[PDB]
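S.K.: Quick one: this structure, given as structure tokens, is what I'll be asking you about.
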Amino acid sequence: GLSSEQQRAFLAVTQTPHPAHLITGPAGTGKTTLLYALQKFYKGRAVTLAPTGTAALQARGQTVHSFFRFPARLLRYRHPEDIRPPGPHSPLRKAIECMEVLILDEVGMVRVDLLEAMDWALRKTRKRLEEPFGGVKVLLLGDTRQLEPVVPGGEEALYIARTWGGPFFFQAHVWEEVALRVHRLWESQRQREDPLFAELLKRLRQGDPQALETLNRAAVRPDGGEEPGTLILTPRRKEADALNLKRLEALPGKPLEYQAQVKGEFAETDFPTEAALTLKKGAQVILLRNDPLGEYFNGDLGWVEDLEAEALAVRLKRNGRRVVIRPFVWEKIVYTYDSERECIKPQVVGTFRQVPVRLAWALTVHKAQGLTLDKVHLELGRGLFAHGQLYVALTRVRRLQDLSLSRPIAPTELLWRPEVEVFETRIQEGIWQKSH
């Protein structure tokens with residue numbers, strides 16, 4: 001059931017002998033379906049991997065490190081102490097040998113050393129140490145702007161600056177070996193972008209002072225989160241929980257804890273929502289899963305109406321008072337070999353069972369990714385300017401008129417890294433290729 005926009009990328013990618021294919025575009029519905037259609041079209045010959053546990057869970061996939069058994073440290077270039085090929089008859093060698101396509105969701109968060117580890121791992125264990133990725137067709141995925149990989153500093157930062165010159169996945173020497181066909185997106189709603197707001201964001205990333213002054217002298221409205229329909233986006237989840245709790249205590253109703261059923265292997269950090277989820281009638285909440293019938297969608301803001309042991313009523317803001325949601329089951333999937341005929345089967349190894357809803361008076365940019373929001377209000381933390389970490393926060397709205405700020409933004413908070421600014425431009429022709 002793919003649309004022409006998705007079917008344009010699918011047929012362009014799924015049919016060519018070319019291995020490398022980046023696909024950029026915002027998160028959300030339509031992109032998730034595109035991945036599901038891709039992984040199932042390939043189903044027996046392809047693995048869906050992701051850099052983090054959260055990214056792996058929401059993509060029906062396995063962590064990059066957990067699949068390749070990579071250790072949790074700096075992956076030194078082609079180093080066997082770090083990159084260890086699975087030996088003969090290993091449960092891993094069999095799967096990578098009979099694979100043809102590899103998928104990488106949220107490539108934006110893949111640190112350069114990790115992409116280079118993927119290549120040298122597929123090469124040494126597939127006998128194609130001359131062709132990039134051992135000749136496996138790699139399908140990179142994710143809005144590349146959703147950055148940036150943490151680099152601890154000291155020795156590790158120095159080694160990365162010397163070997164690659166930066167942490168981003170494009171700085172990996174594998175691209176001096178093959179061309180990366182980039183399949184463009186972001187036309188999913190042309191003018192619910194407000195092209196003057198779109199251009200304003202481009203000026204802000206390029207460090208224009210007048211654009212920031214224009215941004216601040218339209219948007220700075222201290223505590224404009226009280227205004228009706230406002231979602232209060234915070235950068236750190238610590239203050240978002242505090243803001244949700246302060247408003248949950250205000251409600252007079254009787255709370256009702258919801259207890260997860262964490263079966264099997266399921267990390268604590270990978271928990272989509274609080275496993276100790278206390279709710280009250282009248283709470284602002286948001287959905288975390290697409291309804292199989294079709295009534296509700298992943299990221300549908302609502303309010304608690306009736307609390308029941310294993311069901312709850314939510315007034316959807318979108319239309320109103322229609323759906324009661326029942327607990328959903330998350331699976332922690334890991335790809336393994338099965339001698340069914342010779343080849344890959346996505347074995348379930350864990351579970352997190354609870355109601356797909358979370359407190360949404362306030363939210364983090366971490367979780368708010370790819371949501372078409374109506375009115376937001378950012379809460380500044382005096383220093384979030386970790387080389388443009390706040391640019392993603394502004395993109396959460398279509399028009400400047402919708403966004404409010406608690407405090408004016410410094411020019412640094414939005415400035416793009418030089419490596420990134422030059423990457424997102426040479427991609428807009430099509431193919432991207434590392435020079436010199």
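Identifiers in this document derive from the order of the structure tokens: chains are assigned A, B, ..., residues are numbered from 1 separately in each chain, and ligands are numbered from 1 in order of occurrence.
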I need the residues in stretch 134-255 of chain A that are strand (DSSP E or B) according to DSSP; give them as a list in words.

M.R.: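 The residues of stretch 134-255 of chain A classed as strand (DSSP E or B) are residues 137, 138, 139, 140, 141, 180, 181, 182, 183, 220, 230, 231, 232, 233 and 234 of chain A.
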
S.K.: Could you pull out all residues of stretch 214-255 of chain A with a DSSP call of alpha helix (DSSP H) and give them as a list in words?

M.R.: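 Residues of stretch 214-255 of chain A classed as alpha helix (DSSP H): residues 214, 215, 216, 217, 218, 219, 237, 238, 239, 240, 241, 242, 243, 244, 245, 246, 247, 248, 249 and 250 of chain A.
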
S.K.: Given only C-alpha atoms as the basis, pick out the residue of A:240, A:277, A:72, A:102 nearest to residue A:381.

M.R.: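 Closest residue, counting only C-alpha atoms: A:240.
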
S.K.: A:245, A:99, A:325, A:157: which is nearest residue A:76, counting only C-alpha atoms?

M.R.: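 When distances to residue A:76 are compared using only C-alpha atoms, the smallest one comes from A:157.
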
S.K.: Counting only C-alpha atoms, what is within 10 Å of residue A:219, bar same-chain residues fewer than 5 positions away, as a list in words?

M.R.: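 Residues near the query, excluding close chain neighbours: residues 213, 214, 224, 377, 400, 401, 402, 403, 404, 405, 406, 407 and 408 of chain A.
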
S.K.: Give the answer as one residue: which of A:256, A:233, A:287, A:409 has the shortest atom-to-atom distance to residue A:308, using only C-alpha atoms?

M.R.: A:256

S.K.: Could you pull the residues within 12 Å of residue A:254, counting only C-alpha atoms, minus those fewer than 5 positions along the same chain, as a list in words?

M.R.: residues 248, 249, 278, 279, 280, 281, 282, 283, 306, 307 and 308 of chain A

S.K.: Could you save the residues just selected, with N, CA, C and O atoms, as a tab-separated table (two decimals), in the first residue's frame?

M.R.:
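Written out: again-v4.tsv:
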chain	number	residue	atom	x	y	z
A	248	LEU	N	0.53	16.64	36.76
A	248	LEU	CA	-0.21	15.44	37.14
A	248	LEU	C	-0.66	15.51	38.60
A	248	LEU	O	-1.74	15.00	38.93
A	249	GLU	N	0.14	16.12	39.47
A	249	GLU	CA	-0.26	16.27	40.87
A	249	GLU	C	-1.42	17.24	41.02
A	249	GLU	O	-2.25	17.07	41.92
A	278	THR	N	1.88	5.98	36.03
A	278	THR	CA	0.79	6.47	36.87
A	278	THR	C	-0.05	7.49	36.10
A	278	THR	O	0.49	8.48	35.58
A	279	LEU	N	-1.35	7.25	36.01
A	279	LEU	CA	-2.25	8.08	35.22
A	279	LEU	C	-3.40	8.61	36.07
A	279	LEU	O	-3.72	8.08	37.13
A	280	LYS	N	-4.02	9.68	35.56
A	280	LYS	CA	-5.16	10.32	36.20
A	280	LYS	C	-6.13	10.78	35.12
A	280	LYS	O	-5.72	11.11	34.00
A	281	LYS	N	-7.41	10.80	35.45
A	281	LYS	CA	-8.41	11.30	34.52
A	281	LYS	C	-8.21	12.79	34.31
A	281	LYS	O	-8.27	13.58	35.26
A	282	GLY	N	-7.97	13.18	33.06
A	282	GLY	CA	-7.70	14.56	32.69
A	282	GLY	C	-6.26	14.82	32.29
A	282	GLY	O	-5.92	15.97	31.97
A	283	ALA	N	-5.41	13.80	32.30
A	283	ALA	CA	-4.00	13.94	31.96
A	283	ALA	C	-3.79	14.09	30.46
A	283	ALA	O	-4.42	13.39	29.66
A	306	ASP	N	-11.33	7.90	31.01
A	306	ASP	CA	-11.70	6.85	31.95
A	306	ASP	C	-10.53	5.90	32.11
A	306	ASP	O	-9.92	5.48	31.12
A	307	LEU	N	-10.22	5.56	33.36
A	307	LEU	CA	-9.11	4.69	33.71
A	307	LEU	C	-9.65	3.34	34.15
A	307	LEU	O	-10.45	3.27	35.09
A	308	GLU	N	-9.21	2.27	33.48
A	308	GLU	CA	-9.64	0.91	33.78
A	308	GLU	C	-8.43	0.00	33.76
A	308	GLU	O	-7.44	0.28	33.08

S.K.: Using atom CA of residue A:370 and atom CA of residue A:108 as the two end points, give the distance in Å to one decimal.

M.R.: 14.1 Å

S.K.: Could you state the separation of atom CA of residue A:160 and atom CA of residue A:386 in Å, given to one decimal place?

M.R.: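 The value is 18.3 Å.
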
S.K.: Between atom CA of residue A:179 and atom CA of residue A:432, what is the spacing in Å?

M.R.: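 A separation of 6.2 Å between them.
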
S.K.: Could you check which of A:275, A:13, A:92, A:288 is closest to residue A:66, using only C-alpha atoms?

M.R.: A:92

S.K.: I'd like to know which of A:374, A:155, A:270, A:310 is closest to residue A:352, using only C-alpha atoms.

M.R.: A:270

S.K.: With a distance cut-off of 9 Å and only C-alpha atoms, select the neighbouring residues of residue A:417, excluding the residue or stretch itself and same-chain residues fewer than 5 positions from it, and output the selection as number ranges by chain.

M.R.: A: 205, 387-388, 422

S.K.: Quick one: everything within 6 Å of stretch 26-34 of chain A, counting only C-alpha atoms, minus sequence neighbours fewer than 2 positions away in the same chain. Send it as an mmCIF file with N, CA, C and O atoms, in the first residue's frame.

M.R.:
data_model
loop_
_atom_site.group_PDB
_atom_site.id
_atom_site.type_symbol
_atom_site.label_atom_id
_atom_site.label_comp_id
_atom_site.auth_asym_id
_atom_site.auth_seq_id
_atom_site.Cartn_x
_atom_site.Cartn_y
_atom_site.Cartn_z
ATOM 1 N N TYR A 36 9.031 -0.830 6.529
ATOM 2 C CA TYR A 36 8.312 -2.100 6.611
ATOM 3 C C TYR A 36 8.143 -2.737 5.237
ATOM 4 O O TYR A 36 8.284 -3.955 5.088
ATOM 5 N N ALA A 37 7.838 -1.929 4.220
ATOM 6 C CA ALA A 37 7.703 -2.462 2.869
ATOM 7 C C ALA A 37 9.045 -2.919 2.317
ATOM 8 O O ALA A 37 9.101 -3.881 1.541
ATOM 9 N N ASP A 143 16.635 10.959 8.732
ATOM 10 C CA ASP A 143 16.862 12.380 8.474
ATOM 11 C C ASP A 143 18.235 12.739 9.022
ATOM 12 O O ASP A 143 18.431 12.841 10.234
ATOM 13 N N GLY A 370 9.798 13.827 14.448
ATOM 14 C CA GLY A 370 8.882 13.531 13.359
ATOM 15 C C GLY A 370 7.404 13.680 13.651
ATOM 16 O O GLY A 370 6.591 12.978 13.042
#

S.K.: Here is a test: counting only C-alpha atoms, which residue of A:101, A:57, A:74, A:359 is nearest to residue A:158?

M.R.: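 Selected residue with least distance to residue A:158: A:74.
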
S.K.: What lies within 9 Å of residue A:132 using only C-alpha atoms, ignoring chain neighbours under 5 positions off, as an MDAnalysis selection string?

M.R.: chainID A and resid 19 119:120 122:123 174:175 177:178

S.K.: Save the residues we just selected, N, CA and C atoms, as a compact mmCIF listing (two decimals), in the first residue's frame?

M.R.:
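See selection17.txt below for the written result:
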# COMPACT_ATOMS: atom_id res chain seq x y z
N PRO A 19 25.17 -0.86 -4.68
CA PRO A 19 24.95 -1.15 -3.24
C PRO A 19 24.53 0.05 -2.40
N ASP A 119 31.74 -2.24 7.45
CA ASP A 119 32.34 -2.60 6.17
C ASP A 119 33.38 -3.70 6.35
N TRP A 120 34.41 -3.44 7.16
CA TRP A 120 35.46 -4.43 7.36
C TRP A 120 34.95 -5.73 7.97
N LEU A 122 31.81 -7.08 7.15
CA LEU A 122 31.21 -7.79 6.03
C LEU A 122 32.27 -8.26 5.04
N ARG A 123 33.39 -7.55 4.95
CA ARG A 123 34.42 -7.92 3.99
C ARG A 123 35.15 -9.19 4.43
N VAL A 174 35.03 4.36 3.37
CA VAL A 174 34.32 3.49 2.44
C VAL A 174 33.74 4.27 1.27
N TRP A 175 33.48 5.56 1.45
CA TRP A 175 32.88 6.38 0.40
C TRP A 175 33.89 6.85 -0.63
N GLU A 177 35.46 4.75 -1.96
CA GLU A 177 35.43 3.52 -2.72
C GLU A 177 34.14 3.31 -3.51
N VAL A 178 33.02 3.91 -3.09
CA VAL A 178 31.74 3.72 -3.78
C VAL A 178 30.90 4.98 -3.66

S.K.: Would you write out, as CSV, a table of all residues in stretch 311-398 of chain A that have an atom no more than 10 Å from an atom of stretch 44-51 of chain A, listing for each the closest atom pair and the distance in Å to one decimal, considering only C-alpha atoms and ordering rows by chain and rising residue number?

M.R.:
residue,atom,partner,partner_atom,distance
A:333,CA,A:48,CA,9.9
A:334,CA,A:47,CA,9.2
A:335,CA,A:47,CA,6.7
A:336,CA,A:47,CA,9.4
A:342,CA,A:44,CA,9.5
A:343,CA,A:44,CA,6.5
A:344,CA,A:44,CA,5.5
A:345,CA,A:44,CA,6.8
A:346,CA,A:47,CA,8.2
